[PDB]
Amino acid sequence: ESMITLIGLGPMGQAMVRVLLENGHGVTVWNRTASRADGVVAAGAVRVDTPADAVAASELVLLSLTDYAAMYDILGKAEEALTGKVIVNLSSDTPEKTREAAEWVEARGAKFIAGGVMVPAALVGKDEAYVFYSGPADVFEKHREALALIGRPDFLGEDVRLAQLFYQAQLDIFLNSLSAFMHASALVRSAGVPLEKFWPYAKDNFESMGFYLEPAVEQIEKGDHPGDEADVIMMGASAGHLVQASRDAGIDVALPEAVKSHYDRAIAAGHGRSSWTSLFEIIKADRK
């Protein structure tokens, strides 16, 4: 069936290729490290020597790269081939650089769609999988059926930045959660307590988060930060406890100092007696 190019054979790239092949699609691939295509070439994919060859081979070109800098390095050696193609970039970078790259690709006569895949490689193509998409809807809809093999497509809008924004926002929560889990683990291991004793508590803590956060949405929407049940003076004190405990234990202080700086800036803005939601008032961009 339809031949699709994929450039970028990291684990996400490979999982996407395997899924396109298992559903009848032909897949041309190219990677900076050619040896990395062996597993997918064996499963039915066509390696090709040059980026220009890979772009020329198909209408739809998927990029699974570390960043957008890598797109310029790869497609920079394929500018003439781009005319009439559809670039779907499934790579992390800033929203601003996502729009700049859309303009560069369209100036070379291709369409540009941004994607953000919201599961790891092992879940590509399964039921859990979903992908943010943004860019021209007519073009997107022409290729929805193929893209949906990777995960449920969530088309956010024509502003090509939206998929990147949602990706970065989810990443913000995700990387924080990892670093916080490792930080808490580090504090525990520092005291000689095995992590198996703490895990059930950490697990419960993360599983309960949705409950503590749901009510906060309205408070943040409205600037309504009542402190009667928990205040920034009490929570900011705790944050300083965490910082001192971290110094005492010889573990990282960057993460707990960053969180303490939220409480300190809030106290300086007079929000001592407000809910922790008031931190939003010092974290948000100036409406000024």
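Numbering starts at 1 and follows the sequence shown.
When 75-83 is weighed against 171-179, 75-83 comes out higher, by mean CA B-factor as recorded in the entry. If you average the C-alpha B-factors over 258-266 and over 39-47, the higher value belongs to 39-47. Within the selection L162, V117, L187, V217, the deposited Cα B-factor values reach their highest point at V217. For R247, the recorded CA temperature factor ranks within the middle third of the chain's modelled residues.
In the PDB entry, a CA B factor belonging to the lowest third of its chain's modelled residues is recorded for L62. Residue-level temperature factors show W199 in the middle third of its chain, judged at the C-alpha atom. Sort the modelled residues of the chain by CA B factor and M209 lands in the highest third.
When the modelled residues of the chain are ordered by C-alpha B-factor, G240 sits in the lowest third.
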